[PDB]
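Here you'll find one protein chain in two forms, each presented separately as structure tokens under the names structure 1 and structure 2.
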Structure 1
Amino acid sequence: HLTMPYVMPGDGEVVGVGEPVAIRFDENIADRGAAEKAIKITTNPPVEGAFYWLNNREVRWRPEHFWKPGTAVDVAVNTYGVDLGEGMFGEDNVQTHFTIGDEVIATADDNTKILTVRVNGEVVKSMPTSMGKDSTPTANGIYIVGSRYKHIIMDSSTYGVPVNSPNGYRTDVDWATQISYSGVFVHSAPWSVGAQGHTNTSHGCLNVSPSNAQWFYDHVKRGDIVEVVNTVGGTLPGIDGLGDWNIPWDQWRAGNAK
């Protein structure tokens, strides 16, 4: 009858302008109002924000617009002993303190097949890209940068197919930056450099050259933004995990505690 809260981002971290505050409990929360009342978020410079639940275990808090660089954020999760409903009580308190770094916004336009990275407003890279093919398109929308991997094996088991079976495969991938929980990454794709800037060839990921992928890995951080426009796909769900900014402010602010 105890549930532990876990808070992101990490204490002392510098994050990008799109990073939400996240509180994820290890059990489903029956009384969302009780949980929200127990979480106190302070910012400097002061800016208003609000809570929205992505599912029964995890609540997010963010402002209306992307954070101002330099903002310092204190999060007090004062859940110890709090009745979170159906006889579940908060097992402990948590806190975190973080700051916002440079504004880093990369825009991938399917009309041009270019991924343009802007750092504090300056165009710093114009990367040819190859996105998802028509049958497996990359969704449009605002994506938040998550984890980064120098090397990762992307294999067929992600789509339910065993690696050693006739249609199985496993691919060594370098410089992979996650931008959705649905499985979209910006990564090195040496095999498709000819297509990048011209044709979409992937299962949904943003293929770029080895040089550009390493640059992206080295210069982006958790909470930075990738925006995809003009693809034949739909829109990234607001509840993806890294899709929070796709929910309009009035819906987000109104919340879903009840």
Structure 2
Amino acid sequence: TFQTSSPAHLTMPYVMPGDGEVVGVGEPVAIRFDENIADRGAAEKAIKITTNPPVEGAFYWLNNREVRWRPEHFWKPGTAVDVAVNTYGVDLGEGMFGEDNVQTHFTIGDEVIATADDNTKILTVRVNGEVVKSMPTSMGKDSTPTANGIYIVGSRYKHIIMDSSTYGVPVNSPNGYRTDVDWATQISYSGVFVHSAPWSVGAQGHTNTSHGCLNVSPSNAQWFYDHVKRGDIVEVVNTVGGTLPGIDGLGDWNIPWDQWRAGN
């Protein structure tokens, strides 16, 4: 296929997960363009996802530039996935053409599902259905609760600073904070993490004390950092919070399948 010259600006796709990565059973395919896409159908038609074993899936647009593809249920462990974004020279609407093709391979690892149950204040990690860790946890206080729902594991940090001023509450104020945190596994774009919380170890398993993050012991947070990977699942249940938004960025599985497949 040849490129067509156009006075309108080209757009380049970017695919996640990373080429050659092993990811968990919750990882969606993500195709993010550096422009808004006027002809979403043309973009979807140009994206060929092949799986082994073969499984059906569907596209859903997270916003005007980024489309997600996933099956109805979590991936089968061991599945190999090929993503062919064949957008080179494709008219994506209003004179905007794909700048290039992109392709990636990724594979699905073990099924890793960690369930945080507010009724028990325990985060239980299951690997292919078997409990391997039972972690006392302290979730968000009643006034700043942890949302229920299915969270996809994202990035991880050996050390990071959590600072209330980044959302508009000064550190110096009564409810502000600036906190050095170890072993932080991100599970929502809204900023929810599983992380080390030495200051709440006595509350873990008993009382919710956090701003919404899942506090666990230093040892358990490091285990989680070492053994839980991008695309693994954290499910929160029975809190007094609401539900994680489906368009959070890592909240894809909270959209019911009929709404996901209906697309947008």
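FYI, numbering is relative to structure 1, first residue = 1. Rigid core here is just the name for the largest C-alpha set that superposes within 1.5 Å across the two forms. Residues that one form lacks are left out of the comparison.
Annotation: Cα of residue 161 displaced by at least 2 Å between the two structures, core superposition.
After superposing on the rigid core, the C-alpha of residue 54 is displaced by 0.6 Å between the two structures.
Remark: 156-159, 161-170 are the runs between the two structures in which three or more consecutive shared residues have Cα displacements of 2 Å or more on core superposition.
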